[PDB]
Amino acid sequence: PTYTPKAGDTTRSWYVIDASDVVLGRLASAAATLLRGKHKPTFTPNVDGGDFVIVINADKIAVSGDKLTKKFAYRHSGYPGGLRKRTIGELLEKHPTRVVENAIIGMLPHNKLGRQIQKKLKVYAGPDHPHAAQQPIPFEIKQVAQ
Amino acid sequence: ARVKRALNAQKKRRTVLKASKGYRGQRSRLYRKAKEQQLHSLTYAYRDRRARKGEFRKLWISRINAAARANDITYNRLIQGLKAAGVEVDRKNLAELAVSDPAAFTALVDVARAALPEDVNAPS
Amino acid sequence: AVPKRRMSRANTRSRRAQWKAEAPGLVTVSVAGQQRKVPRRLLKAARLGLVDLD
Amino acid sequence: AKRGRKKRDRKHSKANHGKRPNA
Amino acid sequence: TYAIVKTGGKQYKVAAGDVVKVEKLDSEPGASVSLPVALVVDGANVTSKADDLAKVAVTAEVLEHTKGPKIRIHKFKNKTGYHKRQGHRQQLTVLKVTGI
RNA sequence: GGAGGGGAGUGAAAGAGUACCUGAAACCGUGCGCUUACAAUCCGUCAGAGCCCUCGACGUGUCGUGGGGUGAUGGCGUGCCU
RNA sequence: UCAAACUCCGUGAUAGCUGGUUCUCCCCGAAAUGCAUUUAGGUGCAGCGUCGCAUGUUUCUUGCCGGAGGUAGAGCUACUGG
RNA sequence: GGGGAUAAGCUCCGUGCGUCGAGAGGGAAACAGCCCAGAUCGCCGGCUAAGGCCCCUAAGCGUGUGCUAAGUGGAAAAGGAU
RNA sequence: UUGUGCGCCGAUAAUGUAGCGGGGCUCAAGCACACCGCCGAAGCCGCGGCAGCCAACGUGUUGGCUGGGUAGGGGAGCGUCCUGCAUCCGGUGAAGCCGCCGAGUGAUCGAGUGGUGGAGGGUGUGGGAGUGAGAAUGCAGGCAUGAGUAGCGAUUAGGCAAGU
């Protein structure tokens with residue numbers, strides 16, 4: 001019958017993306033695709049078999065509209081009146097990694113497997129990374145004609 | 001004339017409670033609680049028997065599409081092409097090919113490339 | 001007040017497993033040529049001949 | 001107010017075709 | 001080396017020896033039966049056109065007729081009083097691909 | 001200390017001991033295998049990794065027209081009756 | 001325990017009222033409307049269901065021909081009124 | 001169409017109009033009456049409707065020509081405005 | 001100055017964003033008009049098994065149509081007890097109970113085998129019913145959760161040595 005990956009089956013890879021003025025949505029959808037594993041033919045939703053992702057120049061992310069300063073990230077401690085919010089600009093100039101992370105985390109399942117996937121997401125505010133000893137494959141986001 | 005009722009009940013009790021070895025709590029000990037869960041259980045089995053078809057077909061399609069897109073063609077146009085070419089292989093088996101032998105699948109991809117219309121967005 | 005439900009097997013046995021006991025930490029004593037095991041709290045009183053050793 | 005209006009305006013969706021029960 | 005047989009309103013990937021279960025065909029345990037084909041593979045290349053595919057046919061041996069798994073149905077609806085019990089085993093016919 | 005019990009005995013059998021024909025379920029525990037402490041579960045069902053037991057064809061261990069217990073993880077899913 | 005004790009008996013009092021009524025499959029399959037009603041939450045008959053016999057397409061649908069209507073609309077020095 | 005304020009998920013009538021009742025499944029974020037469609041049982045087979053194809057969610061960050069700068073899209077009036 | 005297609009302000013509530021389902025989207029993933037494909041249901045088709053109505057034929061075969069279903073009407077059946085009649089097993093171990101392996105479209109079944117156990121049971125045809133319970137703030141007995149928790153019955157108050 002149909003094929004189901006066993007234990008000694010997975011083959012991993014470390015991909016690396018540039019965020020040089022890429023659109024956040026494109027970038028995040030691509031990363032979600034890769035991490036969840038919708039690009040290999042061995043896909044199975046019960047298994048995590050995607051690929052590690054390394055994002056760089058994440059402080060170069062540029063969005064459209066007034067979303068830099070009219071858009072409001074929110075949180076809530078749980079206490080009363082403990083709703084506190086932030087723009088996107090403030091949040092870049094505080095820590096840029098979180099914008100791209102949360103953007104991607106909303107493009108994944110919020111289940112156990114999703115939590116076990118977020119482990120496979122590494123993001124760095126600069127161009128660099130300590131993960132050169134995996135020789136990361138550059139990914140260039142492309143669109144297939146039909 | 002007086003008919004004690006013991007046997008005639010014990011029968012179905014034994015049946016049910018044999019069929020609920022794996023359930024967790026009062027669903028695994030007690031007839032009035034396992035009967036209900038048997039109703040729900042057989043029903044959910046029925047429904048899943050009707051729907052695992054769509055489940056597997058979804059799976060097969062995701063595999064096919066990712067394989068193709070790594071060979072730089074979309075799913076929709078692949079199936080347009082095979083329909084045009086009269087090729088008969090179903091999706092379970094296209095997926096099996098994708099897993100095992102990507103070469104043959106790439107050959108089929110190439111067939112569809114050949115057999116598609118020239119101007120796909122034409123008004124024909 | 002009064003409970004509302006029949007609190008399950010898991011929870012029941014789980015909390016019930018806190019009602020346990022520990023053993024006193026025992027220590028030898030050379031009680032007149034031979035040896036017996038006694039807590040440390042009572043060691044001197046044993047060596048002086050008060051503890052009822054059965 | 002709000003609740004009734006959002007009901008009566010969710011009805012103007014596409015998969016309902018302009019109508020819903022209990023408005 | 002393998003092929004893809006059509007039968008039962010279904011399809012099955014096969015090669016010689018690969019035992020298979022299908023719907024109830026009409027034969028005796030031990031007899032042989034031929035079958036149509038959709039795809040064939042000799043190594044790397046493919047036979048994918050209908051004329052060649054009608055010219056090729058696979059041959060199989062009926063090992064044994066058989067009965068599938070027992071399937072319990074208890075249709076049910078609530079506040080109503082509607083139970084309906086029912087059961088099923090589907091008849092099968094095990095094939096063994098002799099050659100191609 | 002005694003209750004009570006272990007041997008030795010009676011007896012066809014003490015899984016017949018004056019709480020005694022048989023001796024169910026709820027219920028109460030002891031061992032053996034799997035599983036469970038980053039997780040939101042009408043408590044199941046469909047797919048299913050992994051481990052453990054078993055039958056059989058073989059070969060120094062090994063897949064199978066298998067079967068059974070557990071079952072990570074994913075999808076679906078709003079108790080029973082009046 | 002008292003706006004008329006308690007016990008037995010009549011007595012298995014009676015309730016247009018509430019609840020409850022146990023094994024399986026196969027076929028067909030509703031209604032929530034009308035008149036009346038010390039009557040409006042009940043019931044009787046007609047309505048719609050099925051079973052059996054009888055009558056055989058009489059039912060229904062589409063086309064064509066024949067028939068009355070005073071609705072929408074429009075109209076008013078064509079009446080009654082503004 | 002009446003009553004009501006030409007308000008009510010209001011109330012009362014009509015209708016070889018519908019569905020629910022007694023009817024699952026798909027879509028509608030969840031949602032008895034809405035749209036599609038009326039479940040003999042099985043299959044790890046195919047084509048379609050309503051709806052939808054950036055990720056979550058299977059399917060198109062589809063083709064062509066123009067508009068939108070308002071996060072309109074993804075509630076709203078009288079009225080105002082190069 | 002007319003008519004248009006999208007737009008702006010007016011716009012405004014109380015647990016927490018909160019009038020896209022969320023991320024996010026104008027480098028449209030938004031509106032319109034045409035075009036191409038595709039996904040998608042228990043729908044239709046495809047391969048199989050059962051069933052009801054009718055019809056054709058032959059000593060029960062095939063075919064077409066059909067098969068959601070509550071109140072309810074009709075039809076056909078399993079099971080339990082006692083029995084009339086005929087036969088079968090049974091201290092060389094029945095029943096009953098725990099099972100394992102299997103079966104039936106279902107109520108259910110094992111004259112199929114193991115353990116326990118110790119004397120009645122099965123089969124076919126008919127007869128008759130105290131004839132099938134999951135619910136009645138249902139009855140009787142037994143046992144759980146609460147729980148190894150609250151309490152241990154006053155406002156007088158107990159103690160040390162020795163004793164058996």
# chains A, B, ... in the order shown; residues from 1 in each chain; ligands from 1

$ interface_residues --of "chain B" --to "chain A" --cutoff "9 Å" --atoms "only C-alpha atoms" --output "list in words"
residues 56, 59, 62, 63, 64, 65, 66, 67, 69, 70, 72, 73, 74, 75, 76, 77, 78, 92, 93, 95, 96, 98, 99 and 120 of chain B

$ write_last_selection --atoms "C-alpha atoms" --output "mmCIF file, in the first residue's frame"
data_model
loop_
_atom_site.group_PDB
_atom_site.id
_atom_site.type_symbol
_atom_site.label_atom_id
_atom_site.label_comp_id
_atom_site.auth_asym_id
_atom_site.auth_seq_id
_atom_site.Cartn_x
_atom_site.Cartn_y
_atom_site.Cartn_z
ATOM 1 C CA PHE B 56 -5.627 9.817 0.977
ATOM 2 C CA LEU B 59 -2.205 13.284 0.417
ATOM 3 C CA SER B 62 0.236 17.116 -2.207
ATOM 4 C CA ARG B 63 2.983 14.657 -3.049
ATOM 5 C CA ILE B 64 2.374 14.884 -6.795
ATOM 6 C CA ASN B 65 2.303 18.658 -6.715
ATOM 7 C CA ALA B 66 5.505 19.037 -4.784
ATOM 8 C CA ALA B 67 7.283 16.556 -7.032
ATOM 9 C CA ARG B 69 6.918 21.838 -8.789
ATOM 10 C CA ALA B 70 10.452 20.648 -8.170
ATOM 11 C CA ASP B 72 8.914 23.083 -12.638
ATOM 12 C CA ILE B 73 5.342 22.309 -13.595
ATOM 13 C CA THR B 74 2.090 22.837 -11.767
ATOM 14 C CA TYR B 75 -0.339 20.136 -10.802
ATOM 15 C CA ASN B 76 -3.296 21.549 -12.680
ATOM 16 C CA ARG B 77 -1.488 21.699 -15.985
ATOM 17 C CA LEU B 78 0.001 18.281 -15.397
ATOM 18 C CA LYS B 92 -2.265 6.723 -5.887
ATOM 19 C CA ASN B 93 0.158 5.363 -8.416
ATOM 20 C CA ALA B 95 2.392 9.283 -5.900
ATOM 21 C CA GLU B 96 3.976 5.842 -5.637
ATOM 22 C CA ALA B 98 7.018 10.081 -7.092
ATOM 23 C CA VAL B 99 8.258 8.331 -3.974
ATOM 24 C CA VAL B 120 -2.888 27.692 -22.390
#

$ residues_around --residues "residue 7 of chain D" --least-positions-apart "4" --cutoff "9 Å" --atoms "only C-alpha atoms (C1' of nucleotides)" --output "list in words"
residues 2, 3, 11, 20, 22 and 23 of chain D

$ residues_around --residues "segment 9-24 of chain C" --least-positions-apart "6" --cutoff "10 Å" --atoms "only C-alpha atoms (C1' of nucleotides)" --output "PyMOL selection string"
(chain B and resi 25-26) or (chain C and resi 38-41) or (chain I and resi 145+147-148)

$ write_last_selection --atoms "N, CA, C and O atoms (P, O5', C5', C4', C3', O3' and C1' of nucleotides)" --output "PDB file, in the first residue's frame"
ATOM      1  N   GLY B  25     -11.631   4.176  31.340  1.00  0.00           N
ATOM      2  CA  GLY B  25     -12.380   4.591  32.502  1.00  0.00           C
ATOM      3  C   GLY B  25     -13.650   3.818  32.703  1.00  0.00           C
ATOM      4  O   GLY B  25     -13.619   2.592  32.787  1.00  0.00           O
ATOM      5  N   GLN B  26     -14.768   4.517  32.815  1.00  0.00           N
ATOM      6  CA  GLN B  26     -16.059   3.859  32.858  1.00  0.00           C
ATOM      7  C   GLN B  26     -16.557   3.451  31.496  1.00  0.00           C
ATOM      8  O   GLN B  26     -17.653   2.905  31.395  1.00  0.00           O
TER       9      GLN B  26
ATOM     10  N   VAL C  38      18.535   0.760  65.444  1.00  0.00           N
ATOM     11  CA  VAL C  38      17.791   1.705  66.263  1.00  0.00           C
ATOM     12  C   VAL C  38      17.931   3.059  65.583  1.00  0.00           C
ATOM     13  O   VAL C  38      18.971   3.312  64.964  1.00  0.00           O
ATOM     14  N   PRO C  39      16.962   3.967  65.690  1.00  0.00           N
ATOM     15  CA  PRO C  39      17.173   5.312  65.177  1.00  0.00           C
ATOM     16  C   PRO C  39      18.354   5.988  65.848  1.00  0.00           C
ATOM     17  O   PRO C  39      18.871   5.520  66.861  1.00  0.00           O
ATOM     18  N   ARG C  40      18.788   7.093  65.261  1.00  0.00           N
ATOM     19  CA  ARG C  40      19.899   7.825  65.827  1.00  0.00           C
ATOM     20  C   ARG C  40      19.451   8.703  66.977  1.00  0.00           C
ATOM     21  O   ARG C  40      20.259   9.023  67.853  1.00  0.00           O
ATOM     22  N   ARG C  41      18.187   9.100  66.977  1.00  0.00           N
ATOM     23  CA  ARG C  41      17.628   9.910  68.049  1.00  0.00           C
ATOM     24  C   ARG C  41      17.837   9.275  69.418  1.00  0.00           C
ATOM     25  O   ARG C  41      18.042   9.982  70.408  1.00  0.00           O
TER      26      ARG C  41
ATOM     27  P     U I 145     -13.452   5.320  47.544  1.00  0.00           P
ATOM     28  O5'   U I 145     -14.136   6.441  46.662  1.00  0.00           O
ATOM     29  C5'   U I 145     -13.685   6.680  45.348  1.00  0.00           C
ATOM     30  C4'   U I 145     -14.082   8.052  44.858  1.00  0.00           C
ATOM     31  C3'   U I 145     -13.898   9.199  45.829  1.00  0.00           C
ATOM     32  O3'   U I 145     -12.594   9.713  45.790  1.00  0.00           O
ATOM     33  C1'   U I 145     -16.016   9.338  44.837  1.00  0.00           C
ATOM     34  P     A I 147     -12.803  15.547  50.705  1.00  0.00           P
ATOM     35  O5'   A I 147     -12.149  14.256  51.332  1.00  0.00           O
ATOM     36  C5'   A I 147     -10.991  13.703  50.737  1.00  0.00           C
ATOM     37  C4'   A I 147     -10.424  12.583  51.552  1.00  0.00           C
ATOM     38  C3'   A I 147     -10.177  11.299  50.792  1.00  0.00           C
ATOM     39  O3'   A I 147      -9.079  10.590  51.356  1.00  0.00           O
ATOM     40  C1'   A I 147     -11.802  10.925  52.436  1.00  0.00           C
ATOM     41  P     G I 148      -7.786  10.242  50.465  1.00  0.00           P
ATOM     42  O5'   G I 148      -6.896   9.346  51.426  1.00  0.00           O
ATOM     43  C5'   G I 148      -6.299   9.911  52.581  1.00  0.00           C
ATOM     44  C4'   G I 148      -7.298  10.084  53.684  1.00  0.00           C
ATOM     45  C3'   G I 148      -6.727  10.355  55.068  1.00  0.00           C
ATOM     46  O3'   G I 148      -7.562  11.266  55.765  1.00  0.00           O
ATOM     47  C1'   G I 148      -8.097   8.471  55.143  1.00  0.00           C
TER      48        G I 148
END

$ interface_residues --of "chain D" --to "chain H" --cutoff "9 Å" --atoms "only C-alpha atoms (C1' of nucleotides)" --output "number ranges by chain"
D: 5-6, 9, 11, 13-23

$ write_last_selection --atoms "N, CA and C atoms" --output "JSON list (two decimals), in the first residue's frame"
[["chain", "number", "residue", "atom", "x", "y", "z"],
["D", 5, "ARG", "N", -26.88, 43.24, 14.32],
["D", 5, "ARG", "CA", -26.43, 43.76, 13.04],
["D", 5, "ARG", "C", -25.41, 42.84, 12.40],
["D", 6, "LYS", "N", -24.49, 42.30, 13.18],
["D", 6, "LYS", "CA", -23.47, 41.46, 12.59],
["D", 6, "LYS", "C", -24.07, 40.17, 12.07],
["D", 9, "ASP", "N", -25.77, 41.04, 8.77],
["D", 9, "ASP", "CA", -24.82, 41.47, 7.76],
["D", 9, "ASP", "C", -23.85, 40.37, 7.33],
["D", 11, "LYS", "N", -25.13, 37.62, 6.67],
["D", 11, "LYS", "CA", -26.04, 37.03, 5.69],
["D", 11, "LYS", "C", -25.72, 37.50, 4.27],
["D", 13, "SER", "N", -23.19, 37.41, 2.73],
["D", 13, "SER", "CA", -22.02, 36.76, 2.19],
["D", 13, "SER", "C", -22.37, 36.11, 0.86],
["D", 14, "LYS", "N", -21.44, 35.31, 0.35],
["D", 14, "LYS", "CA", -21.55, 34.76, -0.99],
["D", 14, "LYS", "C", -22.09, 33.35, -0.97],
["D", 15, "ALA", "N", -21.73, 32.58, 0.04],
["D", 15, "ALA", "CA", -22.17, 31.21, 0.18],
["D", 15, "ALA", "C", -23.55, 31.08, 0.76],
["D", 16, "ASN", "N", -24.19, 32.20, 1.08],
["D", 16, "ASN", "CA", -25.54, 32.22, 1.60],
["D", 16, "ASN", "C", -26.53, 32.77, 0.59],
["D", 17, "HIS", "N", -26.06, 33.61, -0.32],
["D", 17, "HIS", "CA", -26.81, 34.16, -1.42],
["D", 17, "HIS", "C", -27.87, 35.14, -0.96],
["D", 18, "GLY", "N", -27.62, 35.84, 0.13],
["D", 18, "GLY", "CA", -28.43, 36.95, 0.55],
["D", 18, "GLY", "C", -29.42, 36.66, 1.63],
["D", 19, "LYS", "N", -29.42, 35.46, 2.18],
["D", 19, "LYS", "CA", -30.48, 35.00, 3.06],
["D", 19, "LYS", "C", -29.89, 34.08, 4.10],
["D", 20, "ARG", "N", -30.45, 34.14, 5.30],
["D", 20, "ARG", "CA", -30.09, 33.22, 6.36],
["D", 20, "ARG", "C", -31.29, 33.05, 7.26],
["D", 21, "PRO", "N", -31.29, 32.03, 8.10],
["D", 21, "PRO", "CA", -32.41, 31.81, 9.00],
["D", 21, "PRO", "C", -32.26, 32.59, 10.29],
["D", 22, "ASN", "N", -33.41, 33.02, 10.81],
["D", 22, "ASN", "CA", -33.47, 33.98, 11.90],
["D", 22, "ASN", "C", -32.62, 35.21, 11.58],
["D", 23, "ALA", "N", -32.62, 35.58, 10.31],
["D", 23, "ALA", "CA", -31.91, 36.74, 9.82],
["D", 23, "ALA", "C", -30.43, 36.69, 10.18]]

$ select_by_dssp --residues "chain E" --states "strand (DSSP E or B)" --output "VMD selection string"
chain E and resid 3 to 7 10 to 14 19 to 22 32 to 35 37 to 42 45 to 47 58 to 67 71 to 77 82 to 88 91 to 99

$ select_by_dssp --residues "segment 21-104 of chain B" --states "helix (DSSP H, G or I)" --output "PyMOL selection string"
chain B and resi 31-70+75-84+91-100+102-104

$ closest_atom_pairs --of "chain A" --to "chain I" --cutoff "12 Å" --atoms "only C-alpha atoms (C1' of nucleotides)" --output "tab-separated table"
residue	atom	partner	partner_atom	distance
A:21	CA	I:27	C1'	9.8
A:22	CA	I:27	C1'	8.6
A:23	CA	I:27	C1'	7.5
A:24	CA	I:24	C1'	8.4
A:25	CA	I:24	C1'	6.1
A:26	CA	I:24	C1'	9.6
A:27	CA	I:24	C1'	11.2
A:28	CA	I:24	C1'	9.2
A:29	CA	I:24	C1'	9.6
A:32	CA	I:23	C1'	11.3
A:62	CA	I:27	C1'	10.7
A:63	CA	I:27	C1'	9.7
A:64	CA	I:26	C1'	7.3
A:65	CA	I:26	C1'	7.3
A:66	CA	I:26	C1'	10.9
A:67	CA	I:25	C1'	10.8
A:71	CA	I:17	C1'	11.3
A:72	CA	I:17	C1'	8.6
A:73	CA	I:17	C1'	8.1
A:74	CA	I:17	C1'	5.8
A:75	CA	I:17	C1'	7.5
A:76	CA	I:16	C1'	6.8
A:77	CA	I:16	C1'	9.5
A:78	CA	I:16	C1'	8.3
A:79	CA	I:16	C1'	9.4
A:80	CA	I:15	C1'	7.4
A:81	CA	I:16	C1'	8.0
A:82	CA	I:16	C1'	8.2
A:83	CA	I:16	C1'	6.4
A:84	CA	I:17	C1'	9.2
A:85	CA	I:17	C1'	8.5
A:86	CA	I:17	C1'	11.3
A:99	CA	I:24	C1'	11.5
A:100	CA	I:24	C1'	11.0
A:101	CA	I:23	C1'	11.1
A:102	CA	I:23	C1'	8.4
A:103	CA	I:23	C1'	6.1
A:104	CA	I:23	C1'	7.5
A:105	CA	I:23	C1'	7.8
A:106	CA	I:23	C1'	4.4
A:107	CA	I:23	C1'	5.6
A:108	CA	I:23	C1'	8.8
A:109	CA	I:23	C1'	10.9
A:110	CA	I:22	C1'	11.1
A:146	CA	I:37	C1'	9.8

$ interface_residues --of "chain E" --to "chain A" --cutoff "12 Å" --atoms "only C-alpha atoms" --output "VMD selection string"
chain E and resid 11 to 14 18 to 21

$ closest_atom_pairs --of "chain E" --to "chain F" --cutoff "10 Å" --atoms "only C-alpha atoms (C1' of nucleotides)" --output "Markdown table"
| residue | atom | partner | partner_atom | distance |
| --- | --- | --- | --- | --- |
| E:18 | CA | F:65 | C1' | 9.8 |
| E:19 | CA | F:65 | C1' | 6.5 |
| E:20 | CA | F:65 | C1' | 6.9 |
| E:21 | CA | F:65 | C1' | 7.0 |
| E:63 | CA | F:65 | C1' | 9.4 |
| E:64 | CA | F:65 | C1' | 9.4 |
| E:66 | CA | F:65 | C1' | 9.4 |
| E:78 | CA | F:80 | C1' | 8.4 |
| E:79 | CA | F:81 | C1' | 7.2 |
| E:80 | CA | F:81 | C1' | 9.5 |
| E:81 | CA | F:81 | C1' | 9.4 |
| E:93 | CA | F:65 | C1' | 9.9 |
| E:94 | CA | F:65 | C1' | 7.0 |
| E:95 | CA | F:65 | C1' | 9.0 |
| E:96 | CA | F:65 | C1' | 9.7 |

$ closest_atom_pairs --of "chain E" --to "chain G" --cutoff "9 Å" --atoms "only C-alpha atoms (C1' of nucleotides)" --output "CSV"
residue,atom,partner,partner_atom,distance
E:84,CA,G:25,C1',8.5
E:85,CA,G:25,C1',8.3
E:86,CA,G:25,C1',8.9

$ atom_distance --atom1 "atom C1' of residue 45 of chain H" --atom2 "atom CA of residue 8 of chain E"
8.3 Å

$ interface_residues --of "chain B" --to "chain G" --cutoff "12 Å" --atoms "only C-alpha atoms (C1' of nucleotides)" --output "number ranges by chain"
B: 5, 8-9, 11-12

$ atom_distance --atom1 "atom CA of residue 91 of chain B" --atom2 "atom CA of residue 60 of chain B"
6.1 Å

$ interface_residues --of "chain H" --to "chain B" --cutoff "7 Å" --atoms "only C-alpha atoms (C1' of nucleotides)" --output "PDB file with C-alpha atoms (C1' of nucleotides), in the first residue's frame"
ATOM      1  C1'   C H  44      -5.777   3.277  -0.199  1.00  0.00           C
ATOM      2  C1'   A H  58      -6.016  19.898  -1.147  1.00  0.00           C
ATOM      3  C1'   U H  63      -3.388  35.100 -18.315  1.00  0.00           C
TER       4        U H  63
END

$ closest_atom_pairs --of "chain F" --to "chain B" --cutoff "9 Å" --atoms "only C-alpha atoms (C1' of nucleotides)" --output "JSON lines"
{"residue": "F:26", "atom": "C1'", "partner": "B:30", "partner_atom": "CA", "distance": 8.4}
{"residue": "F:43", "atom": "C1'", "partner": "B:24", "partner_atom": "CA", "distance": 7.4}
{"residue": "F:44", "atom": "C1'", "partner": "B:41", "partner_atom": "CA", "distance": 6.5}
{"residue": "F:45", "atom": "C1'", "partner": "B:44", "partner_atom": "CA", "distance": 5.2}
{"residue": "F:46", "atom": "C1'", "partner": "B:48", "partner_atom": "CA", "distance": 5.2}
{"residue": "F:47", "atom": "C1'", "partner": "B:52", "partner_atom": "CA", "distance": 8.1}
{"residue": "F:75", "atom": "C1'", "partner": "B:55", "partner_atom": "CA", "distance": 7.9}
{"residue": "F:76", "atom": "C1'", "partner": "B:48", "partner_atom": "CA", "distance": 7.6}
{"residue": "F:77", "atom": "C1'", "partner": "B:44", "partner_atom": "CA", "distance": 7.6}
{"residue": "F:79", "atom": "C1'", "partner": "B:36", "partner_atom": "CA", "distance": 8.3}
{"residue": "F:80", "atom": "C1'", "partner": "B:36", "partner_atom": "CA", "distance": 6.7}

$ atom_distance --atom1 "atom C1' of residue 62 of chain F" --atom2 "atom CA of residue 9 of chain A"
20.5 Å

$ interface_residues --of "chain H" --to "chain E" --cutoff "10 Å" --atoms "only C-alpha atoms (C1' of nucleotides)" --output "ChimeraX atom specification"
/H:22,24,41-43,45-46

$ closest_atom_pairs --of "chain F" --to "chain A" --cutoff "12 Å" --atoms "only C-alpha atoms (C1' of nucleotides)" --output "JSON lines"
{"residue": "F:38", "atom": "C1'", "partner": "A:115", "partner_atom": "CA", "distance": 8.6}
{"residue": "F:39", "atom": "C1'", "partner": "A:112", "partner_atom": "CA", "distance": 8.6}
{"residue": "F:40", "atom": "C1'", "partner": "A:111", "partner_atom": "CA", "distance": 10.5}
{"residue": "F:47", "atom": "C1'", "partner": "A:46", "partner_atom": "CA", "distance": 9.0}
{"residue": "F:48", "atom": "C1'", "partner": "A:46", "partner_atom": "CA", "distance": 7.9}
{"residue": "F:49", "atom": "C1'", "partner": "A:6", "partner_atom": "CA", "distance": 6.2}
{"residue": "F:50", "atom": "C1'", "partner": "A:7", "partner_atom": "CA", "distance": 7.9}
{"residue": "F:72", "atom": "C1'", "partner": "A:46", "partner_atom": "CA", "distance": 9.6}
{"residue": "F:73", "atom": "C1'", "partner": "A:46", "partner_atom": "CA", "distance": 5.1}
{"residue": "F:74", "atom": "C1'", "partner": "A:46", "partner_atom": "CA", "distance": 4.6}
{"residue": "F:75", "atom": "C1'", "partner": "A:45", "partner_atom": "CA", "distance": 9.0}
